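Atoms considered below: every heavy atom in the structure, side chains included; atoms not considered: hydrogens, waters and symmetry mates. Residues: numbered from 1 along the sequence shown.
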Amino acid sequence: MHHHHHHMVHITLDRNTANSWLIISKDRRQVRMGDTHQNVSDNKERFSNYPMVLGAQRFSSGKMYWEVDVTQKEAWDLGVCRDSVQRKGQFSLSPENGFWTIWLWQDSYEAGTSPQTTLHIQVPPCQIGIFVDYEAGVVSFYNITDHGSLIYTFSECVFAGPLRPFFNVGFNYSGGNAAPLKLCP
């Protein structure tokens, strides 16, 4: 029988896209910033300038929902992006460039609108839910630590083809950002 229900997709990390200093777990569900270049070959899909990686999953219709653990991290970016986004060089995270993201940077949460939007979060998230509804043109972020309170919704999105989960683990020169981003094992 038809029943309104939630469904959480299993996201795994695409090692070929990962910046070469990222350490990805054997099950491809966690990623952290390493202190050495890893034994991985460069290639065209790999993010060169930032500690970024894509989910392997790719979709161009329907609904997708996944959660990410961000505990003990002082910096990260999360969301969804076009399959076709730039991998090499410096770039801003904006819908203009094919990214629908939020981030934490120096104790401030922001949405990656153009220009950036301050997010007034009362309870720092430990887990974040990311929902995409392709046909609706919606990317929504939820604060699992605050009973799933809505953090931000991008609406009227221009997806313009296949999408990928997007992650930035942030740098760890400070020593306060070693913890991984984690997807459900």
**Q** Determine which pairs satisfy ring pair (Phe, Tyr, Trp, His ring centres under 6.0 Å) with at least one residue from residues 64-84, sequence neighbours left out, and list them in order.
**A** none
**Q** If you round to the nearest 0.5 Å, how far is NZ of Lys73 from SG of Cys126?
**A** 13.5 Å
**Q** If you look at every heavy atom in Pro95 and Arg82, which pair is closest and at what distance?
**A** O-NH2, 3.9 Å
**Q** Could you tell me the separation between the OG1 atom of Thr153 and the CG atom of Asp133, rounded to the nearest 0.5 Å?
**A** 11.0 Å
**Q** For the atom pair CD (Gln57) and CD1 (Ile11), what is the distance rounded to the nearest 0.5 Å?
**A** 4.0 Å
**Q** Can you tell me if CD on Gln90 sees more than 12 non-hydrogen neighbours from other groups inside 6.0 Å?
**A** yes
**Q** Tell me, do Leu104 and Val70 make a side-chain contact under 4.5 Å, heavy atoms counted?
**A** no
**Q** Can you classify the ring geometry of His5 versus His7 as parallel (below 30°), tilted (30 to 60°) or perpendicular (above 60°)?
**A** perpendicular
**Q** Considering all heavy atoms of both residues, which atom of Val139 and which atom of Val80 are nearest to each other, and what is their separation?
**A** CG2-CG1, 3.7 Å
**Q** For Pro115, does its backbone N or O pair with a side-chain atom of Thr113 as donor and acceptor, under 3.5 Å?
**A** yes
**Q** Per the ring pair (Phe, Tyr, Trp, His ring centres under 6.0 Å) rule, what does the pair list look like for residues 103-128, sequence neighbours excluded?
**A** none
**Q** Testing the basics here: between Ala179 and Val169, what is the closest heavy-atom pair and its distance to 0.1 Å?
**A** O-CG1, 4.5 Å
**Q** Just how far is it from atom CG of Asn16 to atom CG of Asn43, taken to the nearest 0.5 Å?
**A** 5.0 Å
**Q** Do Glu67 and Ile144 come close enough that some side-chain heavy atom pair is under 4.5 Å?
**A** yes
**Q** Measuring from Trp21:CH2 to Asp35:CG, what's the distance to the nearest 0.5 Å?
**A** 7.0 Å
**Q** Any side-chain heavy atom of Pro51 sitting closer than 4.5 Å to one from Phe171?
**A** yes
**Q** Which is it for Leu163 and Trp100 under the side chain to side chain contact (heavy atoms under 4.5 Å, CB included) test, yes or no, and what are the steps along the way?
**A** CA-CA 10 Å; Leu163 298 177; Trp100 301 268; 3.9 Å; yes
**Q** Are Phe59 and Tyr134 close enough that their ring centres sit under 6.0 Å apart?
**A** no
**Q** Tell me whether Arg87 contacts the main-chain N or O of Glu45 through its side chain, where contact means a donor paired with an acceptor under 3.5 Å.
**A** yes
**Q** Would one find more than 12 heavy atoms of other residues, nucleotides or ligands at under 6.0 Å from atom CD of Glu156?
**A** no
**Q** Checking side chain to side chain contact (heavy atoms under 4.5 Å, CB included) for the pair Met52/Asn19: CA distance, chi angles, key distance, verdict?
**A** CA-CA 6 Å; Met52 287 169 185; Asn19 177 269; 5.7 Å; no
**Q** Is any side-chain heavy atom of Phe166 closer than 4.5 Å to a side-chain heavy atom of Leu78?
**A** no
**Q** Look up atom CG in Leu93 and atom CD1 in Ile102, then write down how far apart they are to the nearest 0.5 Å.
**A** 12.0 Å
**Q** Got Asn143 and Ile121 here, is their nearest side-chain heavy-atom distance under 4.5 Å?
**A** yes
**Q** For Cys81 and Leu54, run side chain to side chain contact (heavy atoms under 4.5 Å, CB included): C-alpha distance rounded to whole Å, both residues' side-chain angles, the deciding distance at 0.1 Å, then the answer.
**A** CA-CA 9 Å; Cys81 64; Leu54 302 188; 3.7 Å; yes
**Q** Report the C-alpha distance between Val138 and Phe159 in whole Å, list the side-chain angles of each, state the deciding distance to 0.1 Å, and finish with yes or no for side chain to side chain contact (heavy atoms under 4.5 Å, CB included).
**A** CA-CA 9 Å; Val138 164; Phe159 294 135; 6.0 Å; no
**Q** Work out which heavy atom in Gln38 is nearest to a heavy atom in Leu22; give both atom names and the distance.
**A** CG-O, 3.4 Å
**Q** If only atom types and distance count, is the side chain of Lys88 paired as donor or acceptor with the main-chain N or O of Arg46 below 3.5 Å?
**A** yes
**Q** Okay, side chain of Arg28, backbone of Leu13: is any donor-acceptor separation there less than 3.5 Å?
**A** no
**Q** Where the side chain of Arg58 meets the backbone of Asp83, is there a donor-acceptor pair that is under 3.5 Å apart?
**A** no
**Q** To check you understand the geometry: which heavy-atom pair defines the closest contact between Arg164 and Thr17, and what is its length?
**A** NH2-CG2, 4.3 Å
**Q** Using only heavy-atom distances, determine whether the side chains of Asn177 and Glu74 contain a donor-acceptor pair under 3.5 Å.
**A** no
**Q** Could you check, using the six-membered ring where one of them is a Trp, whether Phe91 and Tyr50 have ring centers closer than 6.0 angstrom?
**A** yes
**Q** Quick one: are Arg15 and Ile24 in side-chain contact, heavy atoms under 4.5 Å?
**A** yes
**Q** Do you know the tightest heavy-atom contact between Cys184 and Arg29?
**A** O-CD, 3.2 Å
**Q** Are the side chain of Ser48 and the backbone N or O of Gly89 linked by a donor-acceptor pair below 3.5 Å?
**A** yes
**Q** Name all residues meeting the side-chain hydrogen bond (donor to acceptor under 3.5 Å, both in side chains) criterion together with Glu96; count only those two or more places apart in sequence or in a different chain, and write none if there are none.
**A** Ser114
**Q** Checking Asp69 against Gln127: is there a side-chain donor and acceptor pair closer than 3.5 Å?
**A** yes
